[PDB]
């Protein structure tokens, strides 16, 4: 049996996408070692059906631990952002344990994420072929690589303009970019990416030319379940009108500021929409009286919600999203129009891609980068409450139809490249 060890970055969204890719590989009769920190393995295990456990085995990676940085914090999930430097540093210090794991398990292939340049180096030292898998889409990566090669030309295949809020140490930034690009460039023969050609084909081809490396899409990778609070939520959703409710979430690794929560809350209130809002803490940052005024229209879920089940509910008409890539792919698979409120990293690019696909809208920030309650209210009003953006709802339905027609064949290209790479390296 051919064995693959998979090393996601320590972010719940990365674990999620890597687990869906592991399932696709298990169905092609690979044996998978799924490697992460215990706190991340615990978080993702509920998403693995028992039928996979014979072929997808979890393997704990150990980071340096201390009372001030214990194992429960060895994840980005709900991590204070000022511990993010420590998390990256501790992950790099796991390379020795990672080498021991690779020596013991001797997988035929490593699949690694883009936040760990040390991982392909350890694999190479053990003569283990290694392929990079990106859990993001292509658009934002190509937008980041383009100015390196064409600093005085506009990106060629879009009308997207990055807002100044995101455009604003330079050396530290260059080194982070170099480490990220190294993970892609170091990949053996191909880069795998969680995207699909109907959405990003021309950006895939452009990225491939810029990197001079083959880009192989393996998306859409969307988890679908079959009671983490769902029964109460379902009963509440069941009593709403069709497509009347927005889900509101900013993902697993971001806490909006009190100022940002103020604007989102007032936007939800003015829109008069039904809403389910996931609020997380690393105190109450909602405006005084907001929930009491919302009454039965509003529901705040503390900590974590069953996002997929909510998005699939007939009562859900829109998704106010930070536009993390898994949330975007889920919303497209499920046919739910996105009202984009991106926060940082790849999110502003994901929102512009959503807007340019016509399957959602982006709430624009003010010149100084502040969220606008009037823009949130307007877009929820148009897309969900009044549904005067029929064009967006139609495009979102059409995208869901395309994504639902995809099957196992979306993994054919990856499987062929794995087969070739292993047949070549066995000779070497």
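Positions refer to the first chain, counted from 1.
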item	value
Missing residues, deposited sequence, between residue 151 and residue 152 (class: none, 1 to 3, 4 to 9, 10 or more)	none
Gap size between residue 227 and residue 226, counted in deposited residues that the entry leaves unmodelled	4 to 9
Higher-scoring stretch by recorded Cα B factor average, 404 to 412 or 8 to 16	404 to 412
Stretch with the greater mean C-alpha B-factor as recorded in the entry, comparing 152 to 160 against 84 to 92	152 to 160
Among 291, 115, 204, 323 - the residue whose C-alpha B-factor is largest in the record	291
Which of 389, 27, 62, 31 ranks first by CA B-factor in the deposited coordinates	389
Assigned third (lowest, middle, highest) for the C-alpha B factor of residue 198	middle
Third assignment of residue 340 from its chain's C-alpha B-factors	lowest
Where the record places residue 230 (Cα B-factor, split into thirds across the chain)	highest
Third assignment of residue 275 from its chain's C-alpha B-factors	middle
Third of the chain, ranked by Cα B-factor, where residue 262 sits	highest
